Structures are given as C-alpha cells and as structure tokens.
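Take a look at this one chain, the form deposited in one PDB entry, written out in structure tokens.
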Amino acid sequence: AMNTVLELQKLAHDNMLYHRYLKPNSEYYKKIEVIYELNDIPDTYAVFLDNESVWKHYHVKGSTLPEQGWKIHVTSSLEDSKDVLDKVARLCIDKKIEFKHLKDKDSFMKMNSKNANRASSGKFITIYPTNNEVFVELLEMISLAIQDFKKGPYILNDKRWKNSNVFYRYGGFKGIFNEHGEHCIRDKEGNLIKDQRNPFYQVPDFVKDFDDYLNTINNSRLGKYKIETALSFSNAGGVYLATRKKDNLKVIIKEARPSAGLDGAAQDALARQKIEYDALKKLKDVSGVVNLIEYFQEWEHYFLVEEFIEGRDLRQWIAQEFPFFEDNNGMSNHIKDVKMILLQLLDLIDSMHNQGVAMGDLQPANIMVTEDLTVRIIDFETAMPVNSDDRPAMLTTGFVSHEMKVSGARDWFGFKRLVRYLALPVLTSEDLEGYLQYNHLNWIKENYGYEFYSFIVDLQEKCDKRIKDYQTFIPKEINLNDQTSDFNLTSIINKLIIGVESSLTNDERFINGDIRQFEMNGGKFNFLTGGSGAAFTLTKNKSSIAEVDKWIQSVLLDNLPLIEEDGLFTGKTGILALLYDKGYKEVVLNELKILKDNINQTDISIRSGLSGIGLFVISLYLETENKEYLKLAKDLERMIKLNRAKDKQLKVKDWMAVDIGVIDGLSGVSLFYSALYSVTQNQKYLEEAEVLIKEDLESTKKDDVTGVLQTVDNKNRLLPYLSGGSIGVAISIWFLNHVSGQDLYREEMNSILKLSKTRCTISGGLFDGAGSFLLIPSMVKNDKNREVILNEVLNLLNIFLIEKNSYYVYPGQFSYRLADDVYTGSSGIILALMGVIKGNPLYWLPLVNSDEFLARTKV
C-alpha cells in the first residue's frame, strides 16, 4: 500500500542562489538577511552551534558516543516546531542523551523547502543513543511524548517507527571522510564504506540482522496507470509521466507530500496542489489551460492527474527555435511565429481573468507550444484570484516588478516582459531594466525593422492598459535616441574603467561582483570574483593607483596567508601575479616556497587546479630567471600525469563548471603543456598539449546548417562560452599554435570563429555569456577579417553595455544586478577588450607581467 508510493522516489528521470542576493534598492548583488531558545539547561550539557551550518548541538557531560550506529530523527510541522522541540529536548536532557536540532526558523525553512534535498528533508532533531538498547528504548519514549502532535514531513532516508513522527536510520554519528567521496562509515574489514544518504531507506550490509530485528517490533486508484518515468523531483513530491492502463492516455501525475516542500509563504506541497486543482476546475472550459483528469489520495501522498500536453515550454522553444545564428537575411519566420504565439497568449490571459483567476507566474517555463504552435499554460500552483493584492509565494525574477501589486496585474507585467523576451531572449531584472530596456528595444528595432518593433511596443502598451484596470501604474517615457552603441574599443575600456572607479566598495571585497564573492572560499579576494581581479585590471590601465595600493596594504596582504586554496582563479596564485606586478617581490618569493608543499594534489583545472597553478609558475619563471620555478613547474606536470593515470574523469566543484574546455577541462590543461614546451623545447610537452585538445574536440558537435562548432556536455547541451564551450577550446588551439609555429586544427578553429555570428546570449559575462565572444577577434590575425568579426561581437556586447551617467557599467549574471569582477562584470570585459587591441586571447589570465607573456612564449 505505502511501499508503492515510496518506491516512486526511486525512479530514474531525464542559480536559484541569485534570489538571496536581490537586496531591494541596490544595483549590486547583496545578501538578503533574515530562533529556538530553550531555557533551564543543566550544566552537564554543552550547547553550541555549527561553524557555518544549520544545527545546534546539545553535547552531554564528557561522554563519548560511537563514531557510527543507529540514530533517531524526529520530524515536525513548522507550526509545531517549538512545541515539539520542548517535549523532545526536555526528555533527552532528563536522560542525558546527546542530540541536535536545526538552529532557527530560517534553517527549518531551508531544509524543508520545495527544492531542499530529499534525503536531508524532514530531519528536524537528530538523537544519538549511546548503544542499541537505549536506541530501542528511546523509540518508544519519544513517540510516547510526541503522540498528540500533527504528522510532519516524512523523512525519505529513514524508516518510520509505527505511525509516529519518530524515524530511524543507521549511519555516521561523526563525519568520517575519505579521499574520494563525502561522509562515510566504518566496515568490519576495509573500513571505508560510504554513508548512503538517498531518498529511500537503506541498510549497511554488516548490521542487516539488527534491522531484521527492528522490523519485528516495528508494527488502488493509482494502480490504474503505468508510471513510466519521472520528469522531475523536488522535496514537495515527484512529477511523473504515466499511461492510463487499458486506454493508453498519456497523463501527468503531480505528487504532493503533506507537510513537505515549504515555500516563502510557508505553504506546503498539499496547499499548492489544492490551489492548482481549484484553478484548473475554474478553467475547465478555457481550452488553453491544461485539463485535470482526477484527484486522489494514495497512502499519505496526494496525486493530481492531468492532461499530458505534447510540445515544449517557451524556454525550450526559445533555445531550439530562436534564430541565434546570423545566416544573412532571415528573421521573418521568427517574426511570424512570435506574433502567432503572443496573440494567442494575450487571448488566453483574457480568458483566465474573465474566469476570475490569475495564473500567478506568467513566464516562459509555464507557457507551452505544440508542434503547430498552439499555446497552452501549465502549473497553476501560483494561481490567485484576480484583484487579490496578497504577497506572492514566489517571484520569477526577470518577469516581475515590485511596482505590481495586484495578481491580475502581475500576469500582464510578466506577459509584457515575455513579449519583448521572445524578440530578444535576454534576461533582465527590474533593477537593471531601467537601463537595458533601451539596449534591448534599440537592438530589436535595428535587427527586425520598424514594423516588428512597433508591433512589440503596441502590444506592450496594451499590457500597460490591462494593468491600469487593476491598479495605479504609469510607466516611464521612451525616447530610444538617448541610448547609443559604442564601437570604439578604447572608449569602451576607458568608460568601463571610470565605471569601476565610481563603484569601489570601501570594504574588503574592493568591488561588487558575482554572488560567489559570498558563496565561495576566497571569493572576496581572488581573481575570479574578488578584489584582485579589479585591482589587476585597474593596474593594467594605470588607474586608481592609490586606491589599489591601500586595498593591497590594508586588506589583501593580511588575507593572503589565510587563503587556503592555491588556485589561479579561486586561490593564491592569481593574487600573487597581481602582487608581483605591484612590486611585492619578497611576499611572492615567500609564498612560492610554501607552494610545493601544501596541496599539490588531484584538481588539474585552470580554474582551481595544478594546470592553472603551473601556468602561473611558468609565467613567474619567465619573469625571474630562477630555475627553482621551472623545477616546480616540472613537479606539477608529473603530478598532472599521475592524476591522469589514476583516472581520466574530472571533478567539478562549481555549479556552472563543465568538465570540458579551457576553464575546468582538458583544453585548459593543454595551456600549461604548451607553455612548458615554450620554456623547455621538450617535444613531449607539445605532444601532450595536442593530445589534450584532441580529447576535448571529441566532445564537440558541428551544426549542419550553420557551420558552427560547439562543445556538447553530459546533458546534450551545446556550449560556445569561454567556460565550458568551444571558444575556450579555440584559445588553447591558438596558444598551441603560438608556441609551436604551426596551424593545427585550422578546420575546427574556422568553425569556432563562426560563433561571431551569434545574435544574442542569455547573459553578458566573460565566462558564461557575451563577453566570451570578445575573445574571438583576438584569435584572428588577418586585419580585414578581424574587422568584420569585431563589429559583430560589438553588436553583441552592446546588448549588455550600460551607459550610466557619462561612463559605462556592466551587468552580472542574468543581468539581475551590476558586477565589476572578472567572472561576470566589467573587469573581465575590460581585459577581453584589451586582449583585442593587443591580439592577445590570453589577456584575461592573471599571469606575471602578462604584457610580455606572448612575446616570451612565441615559437
């Protein structure tokens, strides 16, 4: 009965962090800041919280507990949290039992949110019995204490004790780590077994018999369908593709787990599902709205069965159908398809509102298009009555405004933004829309022509009219002539520099940057997102010397020894390049002595691994003719060799890293080999360089219509970008050729350069967006061909480049906020543009005396 429901969680299947950084009324990424106090705590307990984590520990006396064993987890609903911890803790205290709980409301929310890990979900209190006897004792006593409480979210990783909120599992009591994996437990033999935390209960081999014991005293409306696959999982439940048996109707089954998957409004899976069901009933006769089949409870979960709509959501449609490639004259078909979709969508929103319901999240993900471009809307979990001025549970940044107050108005605003989006699929937030509205409309007009432009403006104006019926709303003026593109590279560099100069933080970060300034180690100080990137870039432009010197002297130097990673982009080495150029020779020489020691190990990437470090080391060897640095480079090479022999498969730490290309993949490793060749003349390093590129080229795909080569990842995604994409591959080919005097991979090179024909990218940044394309002209030696390529990518840059006062600034990832870092902001754009001037496709690398590096590594 219940085993069938739970098994659903086992089936196979096929950036949200930005929200936490939209502190209102800032133009930058800035954290939004947000309590289980218990009293009468005996002195036999020590009470502390985690370094950076969710748990408040209650450690008893001076006892030692086993390093693994049978542990108890307790679950509670949010409204019952304080009341459940009171009864549970004051039991454990009064029995001298070690336990922990989630430290505050925020933590509870984070761990039980819609997108929280399914394994970790529901675990509010963790209890650590000293041995198996007190374990089984506690099962009964805790459950006796909490019986008169509402059932909380089921913990998918545990077995439940009877019909209580008491759950149990065997795993690590402490965190026991290894060299290739996470949390582990000990065996009876080769004690290296991995602690399994999955969305289903599992038992370590060597304690099965005790689980067998535990099972002793431990006390179909859905069988109508063949549940084929799971389209998606969240903490709130699964969404499954099914076929109704003896009928063969494809349906969508949407699962809600009671008390699980909270949102910002503290609404659970069931609360949202009911809203979706109510909405779909009210819209039974609106043919554009997906139709509900049936609604039933099976075991404890609730199941909303739904028409399966054949086609693609507008995100997929955009990705696959938008005419990204400039093939010379031919965007008229797009114009046709966009009009047909949008005019359908206008009528659909009117129909929904006529029935008194706003859909609540009008944005590409929820709009589907059939093969003949019929428009349907799915996902009514966000539905509200039109006219309601309730705070929405969720906002899709990119298609919302805080200026919207009424639910009906929110739909029209999203549509309004959707209208321009299909014409230029480039994300923006309300915070930068003030600026980028000009960039986008100007682009649409120059590229589609006045007719289509006026279709867009008119339709957006009708949206305005629609909003005005719901609330007071009066949008700003137009006048597109106020915004002009720039095609003068020096001008763009100089104005972006003034931009940076005008946005210095007087804090430890030096500049505003990507959220990774906050989310990652060294992020405030390193080259990638930290102040070293900007300070380096400003130094190259002889700008802000006094400000740079002060940040170095008073922040960077005291932080340098304490940055634990040596990574080129993420850690010490990138910083040391800045330091050397700035004259701090003594400081650099000292850090180099430590460098052979600490963490010369498994990561080989340019970003954070041995290649990047080695590449820095080689650059330092070229600058100082100190042979110890060549020796060290050689040592790093052998260690890369060792790593490759242990296993070819690369590990990614960053959620946007892909194990191909120059940043995180083998193409990057080849840069180091190429450079090592330049300084040794050892042919063998040249061979390795070439072999590494070859291996990456195996993960590329040529389009048949367009001639463009891109990389293809492990989810069949095509990539152009410097990070993960073919432009980075091209750069390594270029450098291979630069150091050897050859012209290898001419064919691949030529088909990568064709990326300069790209009309738009969803984001603007050097690594993951438009800025990547600025690297293309820097790899073209012929002046005449360069000029055409440069103009094309400058058209692309001008979609992102913001005029603010009389200087330029640059949007960060997804253009939600501004950034001035190398990774996403103006610093990386500057370095790439300076690269174009200098014919240098490596100029974005923090190498020692980089203005000399090409000349010094030339064949």
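Only the largest set of C-alpha atoms that superpose within 1.5 Å between the two forms is called the rigid core. Start at 1 with the first residue shown and count on from there.
- According to the record, the deposited sequence contains no missing residues between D851 and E852, so the chain is continuous there.
- Per the record, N329 and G330 are directly connected, with no deposited-sequence residue omitted between them.
- Relative to one another, 724-732 and 306-314 have unequal mean CA B-factors, and 306-314 is the one with the higher figure.
- For the pair 666-674 and 81-89, the mean Cα B-factor is higher in 81-89.
- Looking only at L362, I789, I335, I599, the residue with the top Cα B factor in the deposited structure is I599.
- When the C-alpha B factors of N737, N643, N387, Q710 are read from the deposited coordinates, the top value falls at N387.
- Per the PDB record, residue ranking by Cα B-factor puts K476 in the highest third of the chain.
- The PDB entry assigns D821 a C-alpha temperature factor belonging to the lowest third of its chain's modelled residues.
- The deposited CA B-factor of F510 belongs to the lowest third of values across its chain.
- Among the modelled residues of its chain, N526 has a C-alpha B-factor that falls in the lowest third according to the deposited record.
- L11: CA B factor in the highest third of modelled residues in this chain (values from the PDB entry).
The same protein also has a form deposited in another entry, omitted here; what follows describes it.
- When the two forms are superposed on their rigid core between the shown form and the other one, the C-alpha shift of 2 Å or more among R786, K151, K540, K339 belongs solely to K151.
- Core-superposed comparison between the shown form and the other one: the C-alpha position of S806 differs by less than 2 Å.
- The Cα position of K208 differs by 2 Å or more between the shown form and the other one after fitting on the rigid core.
- After superposition on the rigid core, the Cα of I125 moves by 2 Å or more between the shown form and the other one.
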